[PDB]
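One chain follows as structure tokens, the form deposited without adenosine-5'-diphosphate.
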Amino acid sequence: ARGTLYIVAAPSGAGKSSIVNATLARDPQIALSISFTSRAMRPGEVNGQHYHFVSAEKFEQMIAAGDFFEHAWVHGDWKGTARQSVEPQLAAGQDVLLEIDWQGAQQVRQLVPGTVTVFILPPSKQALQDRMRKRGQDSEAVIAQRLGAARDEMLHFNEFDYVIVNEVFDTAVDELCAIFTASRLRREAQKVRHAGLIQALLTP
């Protein structure tokens, strides 16, 4: 039985990665994917942990080679989910969670129909600024640019099945866990998981 594909999107600085990491620790049957990006490393980021950082030429080499399940030009740099991070896992029955923008989510929706997609909103525009200057010394000009890029991402929230507002951290984690739990209870998934039981109950 194929794994379920999950998408959790949010502008950076809304706290999605902390929510996802806490959610997966509680629900370990879902694997996280590490994206590729040609954007420059920001302070505090670790290559091979937050992203696989590569050159633009290497990334475009990987585009041309067909290495990406989805990829997109995100805020003036390449971002991408490697084919090897998703397609074999899903084919092997492993659930996979992608943290990608709306452009990537749209490509994934056309590739995998039943993807479960969640958007996480910050509790205010101010909340975005606060989390950004606690991740590293960014200039006012860069903070203004990233805030603008955040609004651009949030304009596409309506494309997602669920919306979580990250007001209380432990509550947002509970809510993302409820969404993941509920998705395994959907009729079509349960028909597969309990096919034998259903056959027994409906037999005369």
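In case it trips you up, residue 1 is the first one in the sequence shown, and so on.
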Once you work out the mean C-alpha B-factor for both 53 to 61 and 28 to 36 from the entry, which is higher? 53 to 61
Going by the B-factors listed in the PDB entry, is the mean over the C-alpha atoms higher for 123 to 131 or for 96 to 104? 123 to 131
Among the choices 91, 74, 82, 118, identify the one whose CA B-factor in the record is greatest. 91
At the C-alpha atoms, which of 20, 182, 195, 9 reaches the highest B-factor in this entry? 195
Quick tally, chain-level thirds of C-alpha B-factors: residue 137 sits in the highest
Split the chain's modelled residues into thirds by Cα B-factor; residue 16 lands in the lowest
When the modelled residues of the chain are sorted by Cα temperature factor, does residue 170 land in the lowest, middle or highest third? middle
Going by what the PDB entry lists, where does residue 67 fall on CA B-factor within its chain: lowest, middle or highest third? highest
Sorting the chain's modelled residues by C-alpha B-factor, tell me whether residue 144 ends up in the lowest, middle or highest third. highest
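Below: the form solved in complex with adenosine-5'-diphosphate, not depicted.
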Contact with adenosine-5'-diphosphate in the entry with it bound, heavy atom within 4.5 Å, among 135, 58, 26, 156 goes to 135
Please tell me whether any heavy atom belonging to residue 17 falls inside 4.5 Å of a heavy atom of adenosine-5'-diphosphate, as the geometry stands in the entry with it bound. yes
Touches adenosine-5'-diphosphate in the entry with it bound: residue 38 (any heavy atom, 4.5 Å): no
Is there a heavy atom of residue 131 no more than 4.5 Å from a heavy atom of adenosine-5'-diphosphate in the entry with it bound? yes
Heavy atom to heavy atom, is residue 140 within 4.5 Å of adenosine-5'-diphosphate in the entry with it bound? no
